[PDB]
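Visitor: sequence below, structure please.
(6 chains, ligands or ions: 10)
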Amino acid sequence: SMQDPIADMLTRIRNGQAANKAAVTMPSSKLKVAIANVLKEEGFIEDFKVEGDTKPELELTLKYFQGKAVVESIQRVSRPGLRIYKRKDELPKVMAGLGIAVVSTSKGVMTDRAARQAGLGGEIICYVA
Amino acid sequence: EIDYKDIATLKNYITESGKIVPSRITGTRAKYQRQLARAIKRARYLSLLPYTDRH
Amino acid sequence: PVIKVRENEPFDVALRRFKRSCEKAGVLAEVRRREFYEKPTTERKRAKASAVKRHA
Amino acid sequence: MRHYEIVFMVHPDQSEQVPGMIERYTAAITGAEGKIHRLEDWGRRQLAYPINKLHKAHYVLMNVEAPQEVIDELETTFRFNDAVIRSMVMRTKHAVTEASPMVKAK
Amino acid sequence: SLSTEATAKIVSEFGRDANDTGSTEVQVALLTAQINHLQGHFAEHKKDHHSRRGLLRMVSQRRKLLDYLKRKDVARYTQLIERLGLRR
RNA sequence: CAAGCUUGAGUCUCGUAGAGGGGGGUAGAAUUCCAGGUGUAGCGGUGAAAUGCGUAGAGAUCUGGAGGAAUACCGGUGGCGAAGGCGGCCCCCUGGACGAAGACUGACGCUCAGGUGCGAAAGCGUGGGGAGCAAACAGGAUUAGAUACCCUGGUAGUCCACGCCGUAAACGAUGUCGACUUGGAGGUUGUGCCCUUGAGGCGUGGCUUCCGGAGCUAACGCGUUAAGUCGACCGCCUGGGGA
Ligand SMILES: [Mg+2]
Ligand SMILES: [Mg+2]
Ligand SMILES: [Mg+2]
Ligand SMILES: [Mg+2]
Ligand SMILES: [Mg+2]
Ligand SMILES: [Mg+2]
Ligand SMILES: [Mg+2]
Ligand SMILES: [Mg+2]
Ligand SMILES: [Mg+2]
Ligand SMILES: [Mg+2]
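Guide: Residues are numbered from 1 along each chain as shown, chains lettered A, B, ... in the order given. Ligands and ions are numbered 1, 2, ... in the order given. Sure, the structure comes next:
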């Protein structure tokens, strides 16, 4: 079943990028929007849009640099089957710092760098590079 | 539309020996070749059509 | 196959007409097939093999 | 109520019982709140192949709308009756009242 | 399966109206009626293993619906089982 | 924890295709047998034979009858089923799938150790049934031998009822459910639309076959029915032999 909506969003991005698709649409959620924000603010996607009221649909405009997709790798870390939580000092850095780790902290969803600056820890949602 | 009573139309889809003619020869649709075969068998039982070219 | 010899038609033509009626009805083919027992697995294997051959 | 197309063929030596059979069959259907839509006495007809050393037999078509109880006793009365050499009751999705190709080919 | 007239009768008896067809009480009663009717079929046709699989699906579906109603409204469940004469 | 929400999952209405299951009828071909007509010296079988059958009249042919088992053609990389498997025709009882349009319930869902049920053939028990086929067994051959392959026979068994057994290369050698990712040609089964239609034109679902792109793979190959990209849960593997 649809037990992991977050891994689905990442897979929709991953497959869309591989299929040279201009955009990817999926059923929306606050958490999907919070991740979409971090992806846009770090230049992994162009822009995101939430259409509808009763059945919200999140659309993400994919980014393509030159002959290639911007998102090289996008993997789910913490998942329903095994939750990954890290302390401020244990926070992981993707590509030795050249990539981002989406962390869910007490003060919201942000990058590994952001949480490190804010002295926070949390659930490691995904790795993006 | 197909009926065992219409031995007029039925006689076109059976051979000289009484055998049902395959869809590959008659060019009929799959759904209706099945409907035909049932009608030919229904008409055969009721002695409206023969089984073999002996009787 | 029931063949009726026509008026002023030679015997050679009537026999050739009969041989073609038997060829059409598959007389010798149905006898070859029924001579010996064939397992359901074997007739299913033959049907699959012939369907593959009917692709050129 | 279900729809049925009954076809029974009577021995030619008993072709006189046929009107009496029709009267009785119709009475059992109408008696059980059932309806009769088509009835066609085809009379003596030539058989495609012989059945019980016979060539020719009396045919009767019937398109009925009746409960499964009277259609069951109709099926048994055909087995029990020696006059009926063959019968076939076929369930139909809807009632039919149109000249069958037997009425039309004459 | 269960007749148009028989199904409609159950919908009225257990539903909020004639159109409240999805109500758990309606659903459980429609399954109860068919499970009970089929008892007669499987008494004569004990070797009908294929149809029995479909009956067991009705039984397992009823159980899942009954357990759902038990946690959502204990009173509505207590009434429903007493109304159709079932333990659990 | 509380209240919801309708997209997941169900319920309802009308239909559609199907060897899906259980029961009861019934039909025509053929084999064997019995009974009779005609007929006369062979038939049958094989690589060749012989065993075997036939002057108590076979085989061949025609007619009548008994009985069992299986359903030619249709028939199709056709269809249905969870798998095993399911095929003449008719009815009765019944399970599933799919489509169209709305309405209803409101996360009721997915998976599943243990548990439970089903489960080809052979085999087992009791009573039936027994035409054909045929383990065993007998005879005739082949061969250096021939406990075989071939031939003539033939018992269990194969068939039915009720129990049992619980296994197969039980295979797609591919666990189930869900989401996402270029295409081409067919087959099958729904349905919306358009024409003067004794057919086609344009869509939109379910299933299925061949080919193939990316990707994947040790390769072979797989390729929207994945063996691709991901997630949930389960089963299982850890060198060969021993086992
Ligand atoms: Mg049904
Ligand atoms: Mg016979
Ligand atoms: Mg509501
Ligand atoms: Mg036994
Ligand atoms: Mg032998
Ligand atoms: Mg024994
Ligand atoms: Mg095993
Ligand atoms: Mg390739
Ligand atoms: Mg391929
Ligand atoms: Mg070892």
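Visitor: could you use CA atoms for every contact and neighbour count after this?
Guide: Fine.
Visitor: any chance you could map the strands in chain B?
Guide: In chain B, no segments count as strands under DSSP state E.
Visitor: what does it put close to RNA strand F?
Guide: For chain B, the residues in contact with RNA strand F (CA under 7 Å from any atom of the strand) are B:18-24, B:29-31, B:33-38, B:41-42, B:45, B:51-52, B:54-55.
Visitor: those residues also near chain D: which ones?
Guide: With CA under 8 Å from any CA of the partner chain as the criterion, the members of the residues of chain B next to RNA strand F in contact with chain D are B:51, B:55.
Visitor: quick check: next helix or strand after whatever helix or strand residue E:60 lives in?
Guide: Using DSSP states H and E, residue E:60 maps to helix E:49-72. Beyond helix E:49-72 in the direction of the C-terminus, DSSP H and E gives the next helix or strand as helix E:74-84.
Visitor: can you list the buried residues in that following helix?
Guide: Using 16 or more other CA atoms under 10 Å in any protein chain shown as the test for burial, helix E:74-84 gives E:77, E:80-81.
Visitor: pick out the residue in chain E sitting closest to chain D.
Guide: As assessed by CA to the nearest CA, chain D sits closest to residue E:3 within chain E, at 12.4 Å.
Visitor: ok, back up a step: in helices only, show me the residues of chain B next to RNA strand F.
Guide: B:23-24, B:30-31, B:33-38, B:41-42, B:45 (DSSP state H).
Visitor: excluding its backbone neighbours, what's nearest the spatially most central residue of chain E?
Guide: The centroid of chain E falls nearest to residue E:31 when counting by CA atoms, centre = their mean (2.3 Å). Of all residues beyond its chain neighbours, the one nearest residue E:31 is residue E:58 (6.0 Å), with distances taken as CA to CA, 6 or more residues apart in numbering or on different chains.
Visitor: with residue C:11 instead?
Guide: Per CA to CA, 6+ apart, closest to residue C:11 is residue C:5, 7.8 Å.
Visitor: near RNA strand F, which residues of chain C?
Guide: Near RNA strand F, the residues belonging to chain C are C:30, C:47-48, C:51-52, C:55 when assessed by CA under 7 Å from any atom of the strand.
Visitor: among these, which are in strands?
Guide: Per DSSP E, the subset of those in strands is empty.
Visitor: give me the subset of those lying in helices.
Guide: C:30, C:47-48, C:51-52.
Visitor: pull out the buried members of these.
Guide: So, by 16+ other CA under 10 Å, none of those is buried.
Visitor: hmm, back to that, and the buried residues of helix E:74-84 as TSV, adding distance to chain B?
Guide: Below are the buried residues of helix E:74-84 laid out as TSV (distance: CA to the nearest CA, whole Å):
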residue	distance to chain B
E:77	49
E:80	47
E:81	48
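Visitor: going by distance to chain C, which of those wins?
Guide: After measuring these against chain C - CA to the nearest CA - the closest member comes out as residue E:81, at 51.9 Å.
Visitor: what about residue E:17, neighbour count?
Guide: Per other CA atoms under 10 Å in any protein chain shown, the neighbour tally for residue E:17 reads 10.
Visitor: up against RNA strand F, what does chain E have?
Guide: E:1-4, E:7-8, E:19-24, E:26-27, E:30, E:34, E:38, E:41, E:44-55, E:57-58, E:61, E:64-65, E:68, E:72.
Visitor: just the buried residues of these.
Guide: Buried members of these, counted by 16+ other CA under 10 Å: E:7, E:21, E:24, E:26-27, E:30, E:34, E:38, E:52, E:55, E:58.
Visitor: pick out the most distant pair among those residues.
Guide: Greatest spacing in these, by CA to CA: E:21 and E:52 (25.5 Å).
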